[PDB]
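This is work-v4.cif (mmCIF, C-alpha atoms and all ligand atoms).
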data_structure
loop_
_atom_site.label_atom_id
_atom_site.label_comp_id
_atom_site.auth_asym_id
_atom_site.auth_seq_id
_atom_site.Cartn_x
_atom_site.Cartn_y
_atom_site.Cartn_z
CA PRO P 1 41.40 -2.45 24.11
CA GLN P 2 38.88 0.00 22.59
CA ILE P 3 35.79 0.42 24.78
CA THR P 4 32.33 1.42 23.56
CA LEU P 5 29.93 3.21 25.90
CA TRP P 6 26.74 1.18 25.42
CA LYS P 7 27.47 -0.34 28.86
CA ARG P 8 29.07 1.10 31.98
CA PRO P 9 32.87 1.33 31.42
CA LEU P 10 33.74 -1.03 34.28
CA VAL P 11 37.18 -2.60 34.75
CA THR P 12 38.62 -4.84 37.45
CA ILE P 13 41.26 -3.09 39.56
CA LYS P 14 43.70 -4.41 42.16
CA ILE P 15 44.54 -1.98 44.98
CA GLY P 16 45.97 -2.80 48.40
CA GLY P 17 45.91 -6.51 47.56
CA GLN P 18 42.13 -6.37 46.98
CA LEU P 19 40.18 -6.76 43.75
CA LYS P 20 37.42 -4.34 42.80
CA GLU P 21 35.31 -3.12 39.91
CA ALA P 22 35.74 0.55 39.04
CA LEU P 23 34.17 2.95 36.56
CA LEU P 24 36.46 4.55 33.97
CA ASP P 25 35.33 8.16 34.44
CA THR P 26 36.63 10.85 32.09
CA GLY P 27 34.50 13.40 33.97
CA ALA P 28 36.34 12.85 37.28
CA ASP P 29 39.57 14.75 37.92
CA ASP P 30 40.65 12.42 40.75
CA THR P 31 39.98 8.83 41.80
CA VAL P 32 37.36 8.25 44.51
CA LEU P 33 36.88 4.76 45.97
CA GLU P 34 34.16 3.47 48.28
CA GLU P 35 35.09 2.88 51.91
CA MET P 36 38.04 0.50 52.04
CA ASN P 37 41.08 -0.24 54.19
CA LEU P 38 44.04 1.53 52.55
CA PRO P 39 47.58 1.21 53.95
CA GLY P 40 49.32 4.14 55.57
CA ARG P 41 48.46 7.60 56.80
CA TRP P 42 45.85 9.86 55.21
CA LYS P 43 44.69 13.46 54.99
CA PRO P 44 41.04 14.54 55.26
CA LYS P 45 39.67 16.28 52.17
CA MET P 46 36.31 17.43 50.81
CA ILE P 47 35.21 16.96 47.20
CA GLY P 48 32.01 18.08 45.51
CA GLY P 49 29.72 16.43 43.00
CA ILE P 50 26.05 16.19 42.07
CA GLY P 51 24.00 16.60 45.24
CA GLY P 52 26.70 18.22 47.37
CA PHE P 53 30.02 17.27 48.93
CA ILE P 54 31.54 14.27 50.67
CA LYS P 55 34.40 13.93 53.13
CA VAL P 56 37.14 11.63 51.82
CA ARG P 57 40.44 10.23 53.05
CA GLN P 58 43.26 11.27 50.71
CA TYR P 59 46.00 8.68 50.18
CA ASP P 60 48.94 9.69 47.99
CA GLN P 61 51.22 7.54 45.84
CA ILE P 62 48.92 4.51 45.87
CA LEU P 63 49.60 1.67 43.46
CA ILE P 64 46.63 0.65 41.32
CA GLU P 65 46.51 -1.78 38.38
CA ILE P 66 43.66 -0.80 36.05
CA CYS P 67 43.04 -3.54 33.47
CA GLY P 68 46.59 -4.82 33.73
CA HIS P 69 48.12 -1.34 33.40
CA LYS P 70 50.00 -0.12 36.47
CA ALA P 71 49.68 3.40 37.84
CA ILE P 72 50.60 5.23 41.04
CA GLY P 73 48.77 8.32 42.20
CA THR P 74 46.37 9.90 44.64
CA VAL P 75 43.34 7.82 45.66
CA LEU P 76 40.43 9.26 47.64
CA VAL P 77 38.39 6.94 49.87
CA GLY P 78 34.92 7.89 51.04
CA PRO P 79 31.15 7.43 50.67
CA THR P 80 31.02 7.38 46.89
CA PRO P 81 28.23 5.20 45.43
CA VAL P 82 30.66 3.73 42.87
CA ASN P 83 34.40 3.35 42.46
CA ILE P 84 35.51 5.88 39.84
CA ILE P 85 38.91 6.07 38.16
CA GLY P 86 39.61 9.74 37.47
CA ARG P 87 41.80 11.59 35.01
CA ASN P 88 44.75 11.58 37.43
CA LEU P 89 45.13 7.85 36.70
CA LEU P 90 43.58 7.60 33.23
CA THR P 91 46.40 9.74 31.82
CA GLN P 92 49.05 7.39 33.19
CA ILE P 93 47.69 4.37 31.29
CA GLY P 94 47.21 6.34 28.08
CA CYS P 95 43.41 6.20 28.03
CA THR P 96 41.84 8.40 25.35
CA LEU P 97 38.41 9.40 24.08
CA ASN P 98 37.67 8.92 20.38
CA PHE P 99 34.69 10.08 18.33
CA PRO W 1 38.97 14.01 17.27
CA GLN W 2 41.08 11.90 19.61
CA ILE W 3 41.18 13.56 23.03
CA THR W 4 43.83 13.14 25.69
CA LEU W 5 42.78 13.33 29.33
CA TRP W 6 45.56 15.52 30.73
CA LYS W 7 42.89 18.24 30.76
CA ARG W 8 39.14 17.90 31.19
CA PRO W 9 37.66 16.80 27.82
CA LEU W 10 35.32 19.78 27.49
CA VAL W 11 33.68 20.17 24.09
CA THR W 12 31.36 22.61 22.37
CA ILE W 13 27.65 21.84 22.15
CA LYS W 14 24.76 23.48 20.32
CA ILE W 15 21.38 22.96 21.98
CA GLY W 16 18.20 24.98 21.58
CA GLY W 17 19.96 27.60 19.49
CA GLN W 18 22.42 28.15 22.35
CA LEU W 19 26.17 27.55 22.45
CA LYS W 20 27.65 25.87 25.52
CA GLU W 21 30.62 23.85 26.75
CA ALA W 22 30.03 20.31 28.00
CA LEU W 23 32.18 17.59 29.57
CA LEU W 24 32.51 14.24 27.82
CA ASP W 25 31.77 12.07 30.85
CA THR W 26 32.03 8.29 30.55
CA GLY W 27 30.97 8.07 34.20
CA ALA W 28 27.55 9.57 33.42
CA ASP W 29 24.79 7.31 32.12
CA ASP W 30 22.70 10.30 31.00
CA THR W 31 23.29 13.85 29.81
CA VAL W 32 22.83 16.61 32.40
CA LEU W 33 23.11 20.28 31.42
CA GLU W 34 23.38 23.30 33.68
CA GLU W 35 20.28 25.44 34.09
CA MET W 36 19.09 26.71 30.71
CA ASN W 37 15.81 27.65 29.03
CA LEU W 38 14.66 24.71 26.86
CA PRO W 39 11.42 24.66 24.84
CA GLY W 40 8.74 22.03 25.29
CA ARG W 41 7.35 19.74 27.95
CA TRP W 42 9.26 17.89 30.67
CA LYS W 43 8.67 15.50 33.57
CA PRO W 44 9.94 15.88 37.15
CA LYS W 45 12.92 13.67 37.90
CA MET W 46 15.54 13.04 40.57
CA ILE W 47 19.12 11.97 39.82
CA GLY W 48 21.89 10.79 42.13
CA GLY W 49 25.59 11.58 42.30
CA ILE W 50 28.69 11.49 44.50
CA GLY W 51 27.27 13.96 47.04
CA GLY W 52 23.63 12.92 46.83
CA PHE W 53 20.66 13.78 44.62
CA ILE W 54 19.25 16.77 42.74
CA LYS W 55 15.88 17.38 41.09
CA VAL W 56 16.03 17.95 37.33
CA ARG W 57 13.64 18.40 34.40
CA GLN W 58 13.72 15.46 31.98
CA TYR W 59 13.39 16.42 28.31
CA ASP W 60 13.11 13.70 25.65
CA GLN W 61 13.99 13.82 21.95
CA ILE W 62 16.16 16.93 22.30
CA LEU W 63 18.65 17.71 19.54
CA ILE W 64 22.21 18.59 20.53
CA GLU W 65 25.25 19.18 18.31
CA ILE W 66 28.24 17.97 20.33
CA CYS W 67 31.43 19.34 18.74
CA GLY W 68 29.72 19.36 15.36
CA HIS W 69 28.13 15.90 15.74
CA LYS W 70 24.33 15.72 15.84
CA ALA W 71 22.45 13.57 18.35
CA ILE W 72 18.91 13.32 19.74
CA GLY W 73 18.16 11.95 23.19
CA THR W 74 17.12 12.67 26.75
CA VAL W 75 18.55 15.82 28.35
CA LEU W 76 18.16 16.53 32.08
CA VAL W 77 18.13 20.15 33.27
CA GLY W 78 18.87 21.03 36.88
CA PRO W 79 21.38 22.30 39.46
CA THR W 80 24.37 20.35 38.16
CA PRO W 81 27.75 22.04 38.73
CA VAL W 82 28.87 21.32 35.13
CA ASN W 83 27.34 20.45 31.78
CA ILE W 84 28.02 16.73 31.30
CA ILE W 85 27.42 14.67 28.16
CA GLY W 86 26.45 11.15 29.22
CA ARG W 87 26.66 7.76 27.56
CA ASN W 88 23.13 7.97 26.15
CA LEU W 89 24.48 10.57 23.70
CA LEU W 90 28.18 9.61 23.62
CA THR W 91 27.17 6.41 21.82
CA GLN W 92 25.31 8.52 19.25
CA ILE W 93 28.50 10.39 18.28
CA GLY W 94 30.58 7.20 18.17
CA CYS W 95 32.54 7.93 21.33
CA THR W 96 34.81 5.16 22.62
CA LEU W 97 37.47 4.80 25.29
CA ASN W 98 40.85 3.62 24.02
CA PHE W 99 43.90 2.38 25.92
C1 LIG P 101 30.93 18.20 38.48
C2 LIG P 101 31.42 17.21 37.42
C3 LIG P 101 31.08 15.73 37.66
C4 LIG P 101 29.67 15.51 38.21
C5 LIG P 101 32.11 15.08 38.59
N1 LIG P 101 31.82 13.66 38.86
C6 LIG P 101 32.14 12.70 37.80
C7 LIG P 101 30.90 12.13 37.10
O1 LIG P 101 31.33 11.30 36.02
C8 LIG P 101 29.97 11.27 37.97
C9 LIG P 101 30.54 9.88 38.32
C10 LIG P 101 29.62 9.07 39.19
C11 LIG P 101 29.06 7.88 38.72
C12 LIG P 101 28.22 7.18 39.56
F1 LIG P 101 27.67 6.02 39.11
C13 LIG P 101 27.91 7.59 40.84
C14 LIG P 101 28.49 8.77 41.26
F2 LIG P 101 28.23 9.23 42.50
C15 LIG P 101 29.33 9.52 40.47
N2 LIG P 101 28.70 11.09 37.30
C16 LIG P 101 27.53 11.66 37.67
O2 LIG P 101 27.32 12.30 38.68
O3 LIG P 101 26.62 11.38 36.71
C17 LIG P 101 25.22 11.58 36.97
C18 LIG P 101 24.55 11.71 35.61
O4 LIG P 101 24.49 10.38 35.12
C19 LIG P 101 24.16 9.52 36.22
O5 LIG P 101 24.91 8.35 36.21
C20 LIG P 101 25.91 8.40 37.24
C21 LIG P 101 25.32 9.31 38.33
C22 LIG P 101 24.50 10.32 37.51
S1 LIG P 101 31.85 13.16 40.45
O6 LIG P 101 31.84 11.72 40.47
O7 LIG P 101 30.84 13.95 41.11
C23 LIG P 101 33.44 13.68 41.08
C24 LIG P 101 34.59 13.10 40.57
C25 LIG P 101 35.82 13.50 41.06
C26 LIG P 101 35.90 14.49 42.04
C27 LIG P 101 37.25 14.92 42.56
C28 LIG P 101 37.84 13.82 43.43
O8 LIG P 101 38.20 15.16 41.53
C29 LIG P 101 34.73 15.06 42.54
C30 LIG P 101 33.50 14.67 42.06
#
Could you show the structure in this file as structure tokens?
Ligand SMILES: CC[C@H](C)CN(C[C@@H](O)[C@H](Cc1cc(F)cc(F)c1)NC(=O)O[C@H]1CO[C@H]2OCC[C@H]21)S(=O)(=O)c1ccc([C@@H](C)O)cc1
Amino acid sequence: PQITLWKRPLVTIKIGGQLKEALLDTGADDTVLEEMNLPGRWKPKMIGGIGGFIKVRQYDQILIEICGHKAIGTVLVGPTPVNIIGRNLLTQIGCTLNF
Amino acid sequence: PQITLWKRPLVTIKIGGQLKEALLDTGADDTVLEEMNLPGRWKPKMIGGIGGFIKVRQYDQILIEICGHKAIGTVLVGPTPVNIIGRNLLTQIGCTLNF
């Protein structure tokens, strides 16, 4: 699929047996998901964005199927206003920008 | 250009006679540039992000040359940590996501 940017680049993702909508975000280095029950242990981490910082739970080697394409990587869970798929996962499914 | 996402997709911009680097950000609805001296009027605005909100100056009908491509739209100026080109202008340069 080729995606235009006239609307929010939202895809349906499946993570931890749950279905969600996430924003394909080329400006995000890592993936940050709203509060959700992720399996396993975690590590506290702090990440910064517009308006300040948030505390997140870092889960490593998490499976995540973005638009039918499978990827495993680090997922951060915390008080983000939107689920964002970052470059750590976009690279694994071959997503590219074109203009 | 087709851009891979193994590194941040940072591109050159020309705005107000000034040269800057900006991030092609599909997760941003609007364009937000780091603090810079822009000519003309503006209106007070507040914008939200991962960590919260910041107050910015909204400028309309501002010309920007993103990696040699010309576009006119709304530019927000404020305490953002990075210059980010949002979808309001990405559509103007024909930017698409591809996977
Ligand atoms: C410093 C570089 C930029 C700002 C990083 N960010 C990516 C951006 O794309 C971000 C995505 C976004 C979309 C939302 F709908 C809600 C939201 F809270 C965040 N957009 C954003 O703030 O845009 C502004 C302007 O347009 C408006 O629309 C959306 C909100 C407004 S991040 O998310 O802060 C971030 C990502 C990863 C990491 C670590 C884990 O690697 C840390 C921080």
Would you give me, as a Markdown table, each residue of chain P having an atom within 10 Å of an atom of ligand LIG 101 (chain P), along with its shortest atom pair and that distance in Å to one decimal, using all atoms listed in the file and sorting by chain and residue number?
| residue | atom | partner | partner_atom | distance |
| --- | --- | --- | --- | --- |
| P:8 | CA | P:LIG101 | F1 | 8.8 |
| P:22 | CA | P:LIG101 | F1 | 9.7 |
| P:23 | CA | P:LIG101 | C11 | 7.4 |
| P:24 | CA | P:LIG101 | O1 | 8.7 |
| P:25 | CA | P:LIG101 | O1 | 5.3 |
| P:26 | CA | P:LIG101 | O1 | 6.6 |
| P:27 | CA | P:LIG101 | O1 | 4.3 |
| P:28 | CA | P:LIG101 | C24 | 3.7 |
| P:29 | CA | P:LIG101 | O8 | 3.9 |
| P:30 | CA | P:LIG101 | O8 | 3.8 |
| P:31 | CA | P:LIG101 | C28 | 5.7 |
| P:32 | CA | P:LIG101 | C28 | 5.7 |
| P:33 | CA | P:LIG101 | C28 | 9.5 |
| P:45 | CA | P:LIG101 | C28 | 9.3 |
| P:46 | CA | P:LIG101 | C28 | 8.4 |
| P:47 | CA | P:LIG101 | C29 | 5.1 |
| P:48 | CA | P:LIG101 | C29 | 5.0 |
| P:49 | CA | P:LIG101 | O7 | 3.3 |
| P:50 | CA | P:LIG101 | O2 | 5.3 |
| P:51 | CA | P:LIG101 | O7 | 8.4 |
| P:52 | CA | P:LIG101 | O7 | 8.6 |
| P:53 | CA | P:LIG101 | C30 | 8.1 |
| P:54 | CA | P:LIG101 | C29 | 8.8 |
| P:56 | CA | P:LIG101 | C28 | 8.7 |
| P:58 | CA | P:LIG101 | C28 | 9.4 |
| P:74 | CA | P:LIG101 | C28 | 9.5 |
| P:75 | CA | P:LIG101 | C28 | 8.4 |
| P:76 | CA | P:LIG101 | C28 | 6.7 |
| P:77 | CA | P:LIG101 | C28 | 9.4 |
| P:79 | CA | P:LIG101 | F2 | 8.9 |
| P:80 | CA | P:LIG101 | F2 | 5.5 |
| P:81 | CA | P:LIG101 | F2 | 5.0 |
| P:82 | CA | P:LIG101 | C13 | 5.2 |
| P:83 | CA | P:LIG101 | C12 | 7.8 |
| P:84 | CA | P:LIG101 | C9 | 6.6 |
| P:85 | CA | P:LIG101 | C25 | 8.6 |
| P:86 | CA | P:LIG101 | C25 | 6.4 |
| P:87 | CA | P:LIG101 | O8 | 8.3 |
| P:88 | CA | P:LIG101 | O8 | 8.5 |
#### Entry: P:14, P:70, P:41, P:55 ranked by distance to chain W, top pick (using all atoms listed in the file)
P:55
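With all atoms listed in the file as the atoms that count, the minimum distance from chain P to the choices W:66, W:19, W:90, W:11 is reached by W:90.
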### Task
Measure the distance from atom CA of residue 61 of chain P to atom CA of residue 12 of chain P in Å and round it to one decimal.
19.6 Å
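Here atom CA of residue 59 of chain P and atom CA of residue 40 of chain P stand 7.8 Å from one another.
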Transformed chain P, reference chain W, in-order C-alpha pairing, as a CSV table (one decimal) with C-alpha atoms, in the coordinates of the input:
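That gives us superposed-v3.csv:
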chain,number,residue,atom,x,y,z
P,1,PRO,CA,39.5,13.6,16.8
P,2,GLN,CA,41.3,11.6,19.5
P,3,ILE,CA,41.2,13.3,22.9
P,4,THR,CA,43.8,12.8,25.7
P,5,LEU,CA,42.7,13.3,29.3
P,6,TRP,CA,45.5,15.6,30.6
P,7,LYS,CA,42.9,18.4,30.5
P,8,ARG,CA,39.1,18.4,31.1
P,9,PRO,CA,37.4,16.8,28.0
P,10,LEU,CA,35.4,19.9,27.2
P,11,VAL,CA,33.6,20.4,23.9
P,12,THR,CA,31.3,23.2,22.6
P,13,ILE,CA,27.7,22.1,22.2
P,14,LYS,CA,24.7,23.8,20.5
P,15,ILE,CA,21.4,23.0,22.1
P,16,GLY,CA,18.1,25.0,21.8
P,17,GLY,CA,19.9,27.6,19.7
P,18,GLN,CA,22.4,28.3,22.5
P,19,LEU,CA,26.1,27.5,22.6
P,20,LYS,CA,27.7,25.9,25.7
P,21,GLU,CA,30.7,24.0,26.9
P,22,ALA,CA,30.1,20.5,28.1
P,23,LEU,CA,32.2,17.7,29.7
P,24,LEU,CA,32.5,14.5,27.8
P,25,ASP,CA,31.6,12.1,30.7
P,26,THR,CA,32.0,8.3,30.2
P,27,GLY,CA,30.9,7.9,33.8
P,28,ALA,CA,27.5,9.5,33.3
P,29,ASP,CA,24.6,7.3,32.0
P,30,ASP,CA,22.5,10.4,31.0
P,31,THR,CA,23.1,14.0,30.0
P,32,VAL,CA,22.6,16.6,32.8
P,33,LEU,CA,22.8,20.3,31.9
P,34,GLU,CA,22.9,23.3,34.2
P,35,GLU,CA,19.7,25.4,34.5
P,36,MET,CA,18.7,26.5,31.0
P,37,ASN,CA,15.6,27.4,29.0
P,38,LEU,CA,14.7,24.2,27.0
P,39,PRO,CA,11.7,24.2,24.6
P,40,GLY,CA,8.6,22.2,25.3
P,41,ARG,CA,7.1,20.2,28.2
P,42,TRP,CA,9.1,18.4,30.8
P,43,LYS,CA,8.9,15.7,33.5
P,44,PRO,CA,10.4,16.0,37.0
P,45,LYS,CA,13.0,13.4,37.8
P,46,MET,CA,15.6,12.7,40.5
P,47,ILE,CA,19.2,11.6,39.8
P,48,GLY,CA,21.9,10.7,42.3
P,49,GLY,CA,25.6,11.4,42.4
P,50,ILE,CA,28.4,12.2,44.8
P,51,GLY,CA,27.0,14.1,47.7
P,52,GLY,CA,23.4,13.1,47.2
P,53,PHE,CA,20.6,13.7,44.7
P,54,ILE,CA,19.3,16.6,42.6
P,55,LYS,CA,15.9,17.3,41.1
P,56,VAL,CA,16.1,17.7,37.3
P,57,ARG,CA,13.7,18.5,34.4
P,58,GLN,CA,13.7,15.7,31.9
P,59,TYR,CA,13.3,16.7,28.3
P,60,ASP,CA,13.1,13.9,25.7
P,61,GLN,CA,14.2,13.9,22.1
P,62,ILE,CA,16.3,17.0,22.3
P,63,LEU,CA,18.7,17.8,19.5
P,64,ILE,CA,22.3,18.4,20.5
P,65,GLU,CA,25.3,18.9,18.3
P,66,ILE,CA,28.4,17.8,20.2
P,67,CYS,CA,31.6,18.8,18.3
P,68,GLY,CA,29.8,19.0,15.0
P,69,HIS,CA,28.2,15.5,15.5
P,70,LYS,CA,24.4,15.6,15.7
P,71,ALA,CA,22.5,13.5,18.3
P,72,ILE,CA,18.9,13.4,19.6
P,73,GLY,CA,18.1,12.1,23.1
P,74,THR,CA,17.1,12.7,26.6
P,75,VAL,CA,18.6,15.8,28.3
P,76,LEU,CA,18.2,16.5,32.0
P,77,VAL,CA,18.3,20.1,33.2
P,78,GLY,CA,19.0,21.0,36.8
P,79,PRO,CA,21.5,22.2,39.4
P,80,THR,CA,24.6,20.4,38.1
P,81,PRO,CA,27.9,22.2,38.7
P,82,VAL,CA,29.0,21.4,35.1
P,83,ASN,CA,27.3,20.4,31.8
P,84,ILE,CA,28.0,16.7,31.3
P,85,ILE,CA,27.4,14.7,28.2
P,86,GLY,CA,26.4,11.1,29.2
P,87,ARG,CA,26.6,7.8,27.6
P,88,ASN,CA,23.1,8.2,26.1
P,89,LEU,CA,24.6,10.7,23.7
P,90,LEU,CA,28.2,9.5,23.5
P,91,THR,CA,27.1,6.3,21.9
P,92,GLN,CA,25.3,8.1,19.1
P,93,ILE,CA,28.4,10.0,18.0
P,94,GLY,CA,30.6,6.9,18.2
P,95,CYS,CA,32.7,8.1,21.1
P,96,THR,CA,35.0,5.4,22.4
P,97,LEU,CA,37.6,4.9,25.2
P,98,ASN,CA,41.1,3.6,24.2
P,99,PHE,CA,44.0,2.5,26.3
### Message
Calculated over all atoms listed in the file, which of the candidates P:44, P:17, P:73, P:1 has the smallest distance to residue 91 of chain P?
### Response
P:73
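For the pair atom CA of residue 72 of chain P and atom CA of residue 96 of chain P, the separation is 18.2 Å.
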The residues within 10 Å of (35.7, 9.2, 20.9), using all atoms listed in the file and the coordinates of the file, should be reported as an mmCIF file with C-alpha atoms, in the frame of the given file; which are they?
data_model
loop_
_atom_site.group_PDB
_atom_site.id
_atom_site.type_symbol
_atom_site.label_atom_id
_atom_site.label_comp_id
_atom_site.auth_asym_id
_atom_site.auth_seq_id
_atom_site.Cartn_x
_atom_site.Cartn_y
_atom_site.Cartn_z
ATOM 1 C CA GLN P 2 38.880 0.000 22.590
ATOM 2 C CA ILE P 3 35.790 0.420 24.780
ATOM 3 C CA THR P 4 32.330 1.420 23.560
ATOM 4 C CA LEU P 5 29.930 3.210 25.900
ATOM 5 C CA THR P 96 41.840 8.400 25.350
ATOM 6 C CA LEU P 97 38.410 9.400 24.080
ATOM 7 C CA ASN P 98 37.670 8.920 20.380
ATOM 8 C CA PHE P 99 34.690 10.080 18.330
ATOM 9 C CA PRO W 1 38.970 14.010 17.270
ATOM 10 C CA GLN W 2 41.080 11.900 19.610
ATOM 11 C CA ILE W 3 41.180 13.560 23.030
ATOM 12 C CA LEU W 24 32.510 14.240 27.820
ATOM 13 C CA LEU W 90 28.180 9.610 23.620
ATOM 14 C CA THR W 91 27.170 6.410 21.820
ATOM 15 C CA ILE W 93 28.500 10.390 18.280
ATOM 16 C CA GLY W 94 30.580 7.200 18.170
ATOM 17 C CA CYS W 95 32.540 7.930 21.330
ATOM 18 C CA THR W 96 34.810 5.160 22.620
ATOM 19 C CA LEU W 97 37.470 4.800 25.290
ATOM 20 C CA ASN W 98 40.850 3.620 24.020
#
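Of the residues under consideration (W:78, W:15, W:36, W:20), W:78 shows the shortest atom-to-atom contact distance to residue 57 of chain W when counting only C-alpha atoms.
Proximity ranking of P:71, P:38, P:10, P:63 relative to chain W places P:10 first, based on all atoms listed in the file.
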How about completing segment 40-56 of chain W with N, CA and C atoms and giving it to me as a tab-separated table (two decimals), in the frame of the given file?
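Result went into result03.tsv, see below:
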chain	number	residue	atom	x	y	z
W	40	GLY	N	9.54	23.24	25.31
W	40	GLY	CA	8.74	22.03	25.29
W	40	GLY	C	8.43	21.51	26.69
W	41	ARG	N	7.77	20.35	26.71
W	41	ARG	CA	7.35	19.74	27.95
W	41	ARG	C	8.49	18.96	28.60
W	42	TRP	N	8.30	18.65	29.88
W	42	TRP	CA	9.26	17.89	30.67
W	42	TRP	C	8.51	17.15	31.77
W	43	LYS	N	9.23	16.28	32.47
W	43	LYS	CA	8.67	15.50	33.57
W	43	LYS	C	9.60	15.57	34.77
W	44	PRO	N	9.06	15.76	35.98
W	44	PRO	CA	9.94	15.88	37.15
W	44	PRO	C	10.74	14.61	37.37
W	45	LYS	N	12.01	14.79	37.73
W	45	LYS	CA	12.92	13.67	37.90
W	45	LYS	C	13.94	14.00	38.98
W	46	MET	N	14.48	12.94	39.58
W	46	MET	CA	15.54	13.04	40.57
W	46	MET	C	16.70	12.15	40.14
W	47	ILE	N	17.92	12.69	40.24
W	47	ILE	CA	19.12	11.97	39.82
W	47	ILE	C	20.14	12.03	40.95
W	48	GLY	N	20.95	10.97	41.04
W	48	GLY	CA	21.89	10.79	42.13
W	48	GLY	C	23.33	10.96	41.67
W	49	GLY	N	24.18	11.40	42.60
W	49	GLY	CA	25.59	11.58	42.30
W	49	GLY	C	26.49	11.28	43.48
W	50	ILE	N	27.72	11.80	43.45
W	50	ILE	CA	28.69	11.49	44.50
W	50	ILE	C	28.24	12.08	45.83
W	51	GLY	N	27.69	13.29	45.82
W	51	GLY	CA	27.27	13.96	47.04
W	51	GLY	C	25.83	13.76	47.42
W	52	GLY	N	25.04	13.13	46.56
W	52	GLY	CA	23.63	12.92	46.83
W	52	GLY	C	22.79	13.09	45.59
W	53	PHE	N	21.61	13.70	45.72
W	53	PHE	CA	20.66	13.78	44.62
W	53	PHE	C	20.25	15.22	44.37
W	54	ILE	N	19.81	15.48	43.13
W	54	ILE	CA	19.25	16.77	42.74
W	54	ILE	C	18.02	16.51	41.88
W	55	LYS	N	17.07	17.45	41.93
W	55	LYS	CA	15.88	17.38	41.09
W	55	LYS	C	16.13	18.10	39.77
W	56	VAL	N	15.81	17.42	38.67
W	56	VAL	CA	16.03	17.95	37.33
W	56	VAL	C	14.75	17.80	36.51
